[PDB]
Amino acid sequence: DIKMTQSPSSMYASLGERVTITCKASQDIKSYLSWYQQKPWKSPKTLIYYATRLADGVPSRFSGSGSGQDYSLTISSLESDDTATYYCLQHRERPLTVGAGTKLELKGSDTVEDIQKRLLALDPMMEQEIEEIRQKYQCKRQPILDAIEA
Amino acid sequence: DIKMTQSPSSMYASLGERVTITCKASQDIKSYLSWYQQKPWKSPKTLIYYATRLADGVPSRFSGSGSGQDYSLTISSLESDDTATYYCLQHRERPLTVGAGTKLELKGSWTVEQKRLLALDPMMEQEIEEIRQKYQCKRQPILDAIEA
Amino acid sequence: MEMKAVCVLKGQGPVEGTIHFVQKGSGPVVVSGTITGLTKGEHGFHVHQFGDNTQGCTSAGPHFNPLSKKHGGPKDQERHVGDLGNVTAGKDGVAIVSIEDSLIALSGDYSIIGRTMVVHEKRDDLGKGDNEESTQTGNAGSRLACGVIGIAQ
Amino acid sequence: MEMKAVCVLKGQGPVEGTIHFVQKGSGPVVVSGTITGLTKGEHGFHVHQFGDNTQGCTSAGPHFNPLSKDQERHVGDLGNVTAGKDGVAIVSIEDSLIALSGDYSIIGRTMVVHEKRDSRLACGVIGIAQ
Amino acid sequence: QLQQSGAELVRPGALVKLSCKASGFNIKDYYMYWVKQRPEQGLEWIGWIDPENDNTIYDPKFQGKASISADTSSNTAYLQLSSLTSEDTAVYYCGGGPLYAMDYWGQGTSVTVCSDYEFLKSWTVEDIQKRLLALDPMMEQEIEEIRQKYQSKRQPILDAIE
Amino acid sequence: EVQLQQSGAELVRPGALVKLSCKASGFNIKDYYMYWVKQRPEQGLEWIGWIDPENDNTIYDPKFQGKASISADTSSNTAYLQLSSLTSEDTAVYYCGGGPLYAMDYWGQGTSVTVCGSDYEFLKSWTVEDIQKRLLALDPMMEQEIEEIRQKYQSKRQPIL
C-alpha cells in the first residue's frame with residue numbers, strides 16, 4: 001500500500017503570501033496524483049489532477065508540480081477564501097490512498113453587502129452544530145423507543 | 001541542499017539474520033550514492049558506490065540496491081564483525097551530503113580466534129587520552145590567568 | 001520485406017506507452033499499442049522530424065513534413081507526412097492505438113525510423129481551425145510524451 | 001551530403017549521456033559526446049541491433065552484425081570509451097563500417113555502454129538530428 | 001449535479017444504503033467513487049464502480065463492509081454499509097470522474113451510529129419513561145449553550161453594522 | 001600497499017590556525033581526488049571538500065567557506081587541510097580520503113582536533129592563591145575520571161577472561 005505523506009500537517013499564512021504544501025509518496029506514482037480542497041465543512045473539490053493540470057473553474061493562483069515521489073501544491077497569492085484542508089490522492093496503484101491533509105488558516109492582516117455575507121456565514125455553522133446535538137440525542141432516544149415497542 | 005535521510009536511526013539484530021537499512025534522498029540522485037561503514041573509534045570504510053557496486057575487499061554478504069530517491073543496504077547474513085554505524089552519501093549534486101547514520105548492534109561457542117580481547121586496549125587508551133586532553137584544556141585558562 | 005518498429009513514450013508528466021509499427025512489403029504501416037496516463041478524450045498523435053531527445057520532447061522539432069505541406073488530418077490530401085490525427089483516451093486514462101497509414105513508412109524517403117512519436121495535450125483539429133496555428137500544429141498543445149522510433153525484432 | 005544523428009543514453013543505473021553522430025557524404029561517421037556516471041576505466045561501447053526499448057536495454061538484442069562475423073568484427077563494435085576519475089567519458093570516435101544511411105545504417109538502432117571493458121548500464125535509440 | 005441521500009442515524013449492526021443520483025452526465029461515461037470522512041479527520045477512499053460493466057475496485061479496508069452498485073437506467077450509484085459500528089459514523093461523499101480525478105466530489109451524506117441496552121431490558125416501565133423525559137431538558141440546555149455561543153459571535157458584527 | 005598517513009592529534013586555543021596533512025603512499029594523488037571529512041564527537045560525517053591535485057581545482061561545502069582550505073603538493077604526494085578561526089564548533093575528527101568522484105577508495109586513520117576558552121575571564125577576578133588552588137584541584141578530578149574508565153574496561157574484560 002502506497003503511503004502518501006503531506007507536510008506541513010497545518011500551516012498559517014498572511015493574505016497575499018505565497019504558500020507551498022508538499023505530498024510525498026512512498027513510491028513513484030508517475031504523476032498519477034490529484035489535489036483536493038475541502039473548505040470549512042463542505043464537500044471536497046478537485047483542484048488538480050495528473051499532478052499539474054488544473055480542474056475546471058479553479059483560480060489560476062493555484063498550481064501543481066512535481067514528479068516521481070515528491071509533489072507540491074502552490075498558491076501564488078493567498079486569498080482569504082483559500083482557508084481549507086488540502087488532500088493529495090494517488091491513483092497509480094490500488095488501493096487509492098490519500099494524504100492526511102494539510103490544514104491552512106490565516107494569522108491576520110493590517111460594505112453593507114460584506115457585513116451581511118459575514119453574518120450569514122455563521123448560520124450554516126450554527127445549524128450544523130445544532131444538528132449534531134439533535135442526532136446525539138436521537139441516538140439516546142433510540143434504545144428507549146425500541147424498548148417501548150418491545 | 002539534498003537531505004539524505006536514513007532509517008532506522010539505530011537497530012538491533014541477531015547473528016545470521018538479514019538486515020536492511022534504507023536511505024531516502026529529497027531528490028533523484030540517479031544512483032550517485034555511496035555506502036560507508038564505520039566501526040567504533042575507527043576510520044570510515046567504503047562498502048558500496050554508485051548505489052550497487054561493491055568496493056574492493058568487501059564481503060559479498062553486503063549488497064546495495066535502489067534508484068531514484070530510495071536506496072537500501074542489505075546485509076544478507078549478519079556476522080558479529082558488522083556492528084557499526086552505516087552512512088549513505090550522495091554525490092549527484094554539490095555539496096555532497098550524508099545521512100545521519102544507522103547504528104547497528106547485536107541482540108541476545110565462539111572460536112578461539114582473542115580478537116575481541118585485543119580490540120579493548122586501543123579503545124581504553126583512546127578514552128584515557130580524551131580525558132588527558134580534556135583536563136589539559138581545563139588547565140589552559142588557569143595558566144593564562146596566572147600570567148596576568 | 002517485413003519491417004517492424006517500436007517506440008517507448010516517456011515524459012516528465014504521467015503519460016507512458018509503447019507503440020508498435022509493422023509494414024509488410026510496400027503495404028500500409030500498421031500502428032498499434034497503448035498509451036496510459038492520458039486525460040479522457042482525443043490527443044494529437046504525430047511523427048515529429050528528429051529523434052533528438054536531448055531536450056525532452058521540445059528537441060523533436062516540428063511535424064515530419066518533407067513535402068512542405070500544411071497540417072491536416074490523416075485522410076486529408078493537404079497534410080504533413082507525420083500527421084496521424086488523434087488517439088482517443090477513455091475514462092480509464094488509456095488510449096488503444098490502432099492506425100493504418102500509407103504516407104509514413106519504415107523505409108525510403110518517408111521513413112519514420114529514427115524519428116520521434118509525440119502524443120499531445122489536446123485534440124488535433126486536423127487543420128480546420130480558425131487561426132494560423134491550426135495549419136501548423138493543429139492546436140494539439142504541449143507534448144506530453146515522446147520516444148524515438150527504433151527497429152524492432 | 002551531411003547526415004546527423006543523436007542518442008540519449010538512459011538506464012536503471014547512474015549512467016547518462018548524449019551521443020552525436022555526423023557523416024559527410026560516404027566519409028566516416030564521427031561519433032562524439034559525453035557519458036556520465038561511469039566507473040573510472042574502460043567501458044564497452046556498441047551499436048546493438050534493435051531500437052527496442054520495451055524491456056530496458058535487454059530488448060536491444062545482440063551487437064549489430066549483418067555480416068555474421070580488427071577485420072573480423074561486428075559492424076556495431078566501436079570498442080571502448082574511457083571514463084576518468086570524474087566518472088565521465090568523452091566520446092571521440094571515427095568509424096567507416098557503421099553509417100547513417102544504406103545497408104549499414106545505425107539510425108533506428110540502439111547505442112549501449114557496458115559495465116566492463118570490451119551488463120548494459122545505459123542505452124538509447126539513435127534518431128535523426130538537426 | 002450529484003444528489004446524495006439524506007442523513008442517516010442507525011443502530012449498531014444495521015444495514016444502510018446510500019444513494020447518488022447523477023444529472024447532467026451519463027454515469028456510464030465515468031467512474032462513480034465513494035469517499036468516507038470520519039469527523040475532524042481526513043478523507044478515505046472507499047471504492048469505485050464502472051457503471052458500464054459493474055466492475056468495482058475497493059480499498060481492502062472496506063471490502064466486505066461496503067458494497068458499491070449502480071443502476072444505469074435511473075443513472076444512480078449506491079453505497080451499502082453493513083454491520084455498522086461507531087467506526088462508521090462519518091460523512092460519505094459520492095463523486096464521479098475518470099480514473100485520474102473524482103471530478104465530482106459533492107454534497108455528502110452524514111451517517112451516525114449509536115451505542116448498552118441492558119439497562120432498558122430489565123428496567124421498570126415507570127423508570128424507563130422517567131429516563132426518556134430527562135433527555136428533553138438536557139438537549140434543550142445543550143442547544144441554548146449553542147445559541148448563546150452564536151449570539152456572542154453576532155454581537156461584534158451587529159456593533160459594526162451600527 | 002596503499003596507505004594514507006594523517007597528521008597527529010592537535011589541541012589549540014580559540015582563534016588558532018591549524019594545518020592537517022595527509023601523506024599518500026601506494027598511489028599517485030594526481031590520479032584521484034583528495035577529500036576531507038569532519039566528524040564531531042558523537043555525531044555523523046560531514047564532507048568538507050575535495051581537491052583535484054592534477055589542477056588544484058577545489059570544491060567545498062559552503063558551510064566550510066571561511067573555515068577550511070584544501071591544498072595538495074603533488075611532489076610530496078601529500079594533501080592538506082587548513083582550518084582557521086577555530087572555535088569549539090570545530091572540535092572534531094578530520095578524515096582525509098582519496099578516490100574518484102563517486103567513491104572513496106582510501107581513507108586515512110583520522111586526525112583529532114580539540115579546541116579549548118571563555119573560562120579565563122572567569123578566573124581573572126581572583127587572587128593568585130585562588131587560581132593555583134583551582135589548578136591543583138584538576139589532577140584528582142582527572143585521575144578519578146581515568147580510574148572510572150579503567151574499571152569500566154576491567155568489567156568488559158571480566159566475561160571474556
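Some observations on this one:
- Test: residue in segment E:153-162 that is at the interface with another protein chain (Cβ under 7 Å from one of its Cβ atoms), aliphatic (A, V, I, L, M) and in a loop (DSSP other than H, G, I, E, B): no
This table checks each residue for (1) within 13 Å of the chain's Cα centre (by Cα); (2) of a type in the set (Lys, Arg).
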position	(1), (2)
C:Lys40	no, yes
C:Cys57	yes, no
C:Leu84	yes, no
C:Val118	yes, no
C:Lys128	no, yes
C:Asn131	no, no
C:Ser134	no, no
C:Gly150	no, no
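- Residues being within 17 Å of A:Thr22 (Cβ to Cβ), more than 7 Å from chain E (Cβ to nearest Cβ) and part of a strand (DSSP E or B) - total across segment A:90-106: 5
- Just one residue in the set C:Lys75, C:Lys24, C:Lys4 is within 13 Å of another protein chain (Cβ to nearest Cβ) and of a type in the set (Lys, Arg); that residue is C:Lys4.
- Number of residues in segment A:18-51 that are more than 12 Å from chain E (Cβ to nearest Cβ), over 23 Å from E:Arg38 (Cα atoms) and in a loop (DSSP other than H, G, I, E, B) equals 4.
- Only one of the listed residues (A:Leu89, A:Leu78) is of a type in the set (A, V, I, L, M, F, W, C), in the same structural domain as A:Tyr12 (by TED's automatic domain parsing) and closer than 24 Å to E:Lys36 by Cβ. That residue is A:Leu89.
- Pairs meeting the criteria (first residue in segment B:7-21 and under 17 Å from B:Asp70 (Cβ atoms), second residue exposed (fewer than 14 other Cβ atoms within 10 Å of the Cβ) and of a type in the set (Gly, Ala, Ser), beta carbons under 8 Å, at least 6 apart or on different chains) are B:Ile21/B:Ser7.
- Among residues of segment D:1-52, those that are in a loop (DSSP other than H, G, I, E, B), surrounded by 24 or more Cβ atoms within 10 Å (Cβ to Cβ) and not β-branched (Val, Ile, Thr), counted: 5
- Looking only at residues of segment F:42-66 that are charged (D, E, K, R) and within 14 Å of chain B (Cβ to nearest Cβ), we find that the one that is surrounded by the fewest Cβ atoms within 10 Å (Cβ to Cβ) is F:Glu42.
- Pick from segment D:78-122, criterion within 24 Å of C:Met3 (Cα to Cα) and either in contact with a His (Cβ under 7 Å, 6 or more places away or on another chain) or acidic (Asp, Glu) (or both), ranking: surrounded by the most Cβ atoms within 10 Å (Cβ to Cβ): D:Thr110
- Selection count where residues are closer than 21 Å to D:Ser105 by Cα, out of contact with any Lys or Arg (no Cβ under 7 Å at 6 or more places or on another chain) and of a type in the set (A, V, I, L, M), scope segment D:8-48: 6
- For A:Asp110, the requirement of being more than 7 Å from chain E (Cβ to nearest Cβ) and in contact with a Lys or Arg (Cβ under 6 Å, 6 or more places away or on another chain) is not met.
- Hey, B:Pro8 in contact with a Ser or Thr (Cβ under 7 Å, 6 or more places away or on another chain), more than 14 Å from chain F (Cβ to nearest Cβ) and either closer than 18 Å to F:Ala103 by Cβ or of a type outside the set (S, T, N, Q) (or both) or not: yes
- Residue selected from segment E:87-96 under the condition of a type in the set (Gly, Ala, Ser) and at the interface with another protein chain (Cβ under 10 Å from one of its Cβ atoms), by the criterion nearest to the chain's Cα centre (by Cα): E:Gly95
Yes/no matrix, rows are residues, columns are (1) crowded, with 18+ Cβ neighbours inside 10 Å; (2) polar (S, T, N, Q):
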| site | (1), (2) |
| --- | --- |
| C:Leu126 | yes, no |
| C:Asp130 | no, no |
| C:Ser134 | yes, yes |
| C:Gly138 | yes, no |
| C:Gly147 | yes, no |
| C:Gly150 | yes, no |
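- Selection of segment A:77-97 for residues being farther than 19 Å from A:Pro40 by Cβ and not small (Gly, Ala, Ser) yields A:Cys88, A:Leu89, A:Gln90, A:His91, A:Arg92, A:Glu93, A:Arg94, A:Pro95, A:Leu96, A:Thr97.
- Filter pass, A:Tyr137 being among the aromatic types (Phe, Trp, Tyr), assigned to a helix (DSSP H, G or I) and either within 11 Å of chain E (Cβ to nearest Cβ) or in contact with a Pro (Cβ under 7 Å, 6 or more places away or on another chain) (or both): yes
- Segment E:4-41, residues that are surrounded by fewer than 16 Cβ atoms within 10 Å (Cβ to Cβ), out of contact with any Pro (no Cβ under 7 Å at 6 or more places or on another chain) and either farther than 23 Å from A:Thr85 by Cβ or facing another protein chain (nearest Cβ under 8 Å) (or both): E:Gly6, E:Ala7, E:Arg11, E:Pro12, E:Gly13, E:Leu15, E:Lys17, E:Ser23, E:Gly24, E:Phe25, E:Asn26, E:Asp29
- Of all residues in segment D:76-130, those satisfying the criterion of being among the basic types (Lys, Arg) and either part of a loop (DSSP other than H, G, I, E, B) or within 22 Å of C:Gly56 (Cβ to Cβ) (or both) are D:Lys85, D:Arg109, D:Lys116, D:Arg117.
For (1) part of a strand (DSSP E or B); (2) over 30 Å from D:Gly13 (Cα atoms); (3) at the interface with another protein chain (Cβ under 8 Å from one of its Cβ atoms), each residue gets a yes or a no:
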| residue | (1), (2), (3) |
| --- | --- |
| F:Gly98 | yes, no, no |
| F:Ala103 | no, no, yes |
| F:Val113 | yes, yes, no |
| F:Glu129 | no, yes, no |
| F:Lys133 | no, yes, no |
| F:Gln144 | no, yes, no |
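Basis: the model, the stated rules and, where named, an outside source; no laboratory instrument gave them. Counting neighbours? That spans all protein chains shown, and the Cβs are built from the backbone with ideal geometry, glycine included.
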